[PDB]
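Experimental structure and its sequence below.
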Amino acid sequence: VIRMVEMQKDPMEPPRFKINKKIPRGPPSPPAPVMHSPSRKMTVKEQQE
Amino acid sequence: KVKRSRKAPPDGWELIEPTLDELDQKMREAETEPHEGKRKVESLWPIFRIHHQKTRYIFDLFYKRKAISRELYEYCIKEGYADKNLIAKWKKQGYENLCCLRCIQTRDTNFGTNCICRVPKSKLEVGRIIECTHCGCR
């Protein structure tokens, strides 16, 4: 058991560090598939239409 | 020192005149002490120690010995001879020899508790020669 006691900082101060250049999350995603419709050719006259 | 009232203080003030003058001269000499020797907050320790003895002299003359009058007691608390909050904490039976009023503040500690000044030695640990950094002593 460890008690989580938040330290009350001084409410008048410059920030302790600069702008954080650390990566917050992961650039991979959950790439969900489309599964909308089977893509196929229209017709032989589709190139002329 | 200036009394800052100019309102003709009553009888009994001359009986406590050189006693409060010796305590006021001790605090003014402690305030003129340099910052050498004290580490970080040890220089404020004789400031509270002279203030603790100044409040104990008025409270013993009013409650313990009961020799000073109440009109001279109210004039002493108004002129700054003793703090009214320090005499109020000593009126309770739970605290009669408290080190400082800053040690009794619950919001002062980071863990949200009291200091080592308001703790008896029998209920504390065996090996401990620690002193209160905020208050000044045990």
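Yep, that arrived. Residues are numbered from 1 along each chain as shown, chains lettered A, B, ... in the order given.

any idea which helix or strand carries residue B:131?
Using DSSP states H and E, residue B:131 sits within no helix or strand.

go on, residue B:23?
Per DSSP H and E, residue B:23 falls inside helix B:17-31.

Distance-wise, check residue B:86 relative to residue B:101.
6 Å (Cβ to Cβ, to the nearest Å). The way it works is simple: take the backbone N, C-alpha and C, and place the C-beta from them, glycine included.

before we move on, what about residue B:21?
To residue B:101, residue B:21 is 24 Å away according to Cβ to Cβ.

Show me which of these two is the more surrounded one.
Shown here are residue B:21 and residue B:101; by other Cβ atoms under 10 Å in any protein chain shown, residue B:101 has more neighbours (18 against 11).

Would you mind confirming that the more buried one makes contact with residue B:85?
Yes: using Cβ atoms under 8 Å, residue B:101 makes contact with residue B:85 at a distance of 5.8 Å.

what sits against the nearest residue to residue B:61 once chain neighbours are set aside?
In space, residue B:61 comes closest to residue B:68 once its chain neighbours are excluded; the distance is 4.3 Å by Cβ to Cβ, 6 or more residues apart in numbering or on different chains. Residues in contact with residue B:68, defined by Cβ atoms under 8 Å, 6 or more residues apart in numbering or on different chains, are B:12, B:15, B:16, B:58, B:61, B:62, B:76.

How much space separates residue B:68 from residue B:99?
Using Cβ to Cβ, we find residue B:68 at a distance of 25 Å from residue B:99.

ok, which stretches of chain B are helices?
For chain B, helices defined by DSSP state H occupy the ranges B:17-31, B:45-59, B:70-79, B:84-91.

so which of these comes closest to residue A:34?
Between residue A:34 and those, the shortest gap by Cβ to Cβ is with helix B:84-91, which sits at 72.9 Å.

a markdown table please, covering the helices of chain B and showing distance to residue B:108.
Formatted as a markdown table, the helices of chain B follow (distance: least, Cβ to Cβ, whole Å):
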| stretch | distance to residue B:108 |
| --- | --- |
| helix B:17-31 | 23 |
| helix B:45-59 | 14 |
| helix B:70-79 | 24 |
| helix B:84-91 | 15 |
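
May I see the ones you listed organised as JSON lines, with distance to chain A added?
Below are the helices of chain B laid out as JSON lines (distance: least, Cβ to the nearest Cβ, whole Å):
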{"stretch": "helix B:17-31", "distance to chain A": "26"}
{"stretch": "helix B:45-59", "distance to chain A": "22"}
{"stretch": "helix B:70-79", "distance to chain A": "32"}
{"stretch": "helix B:84-91", "distance to chain A": "23"}
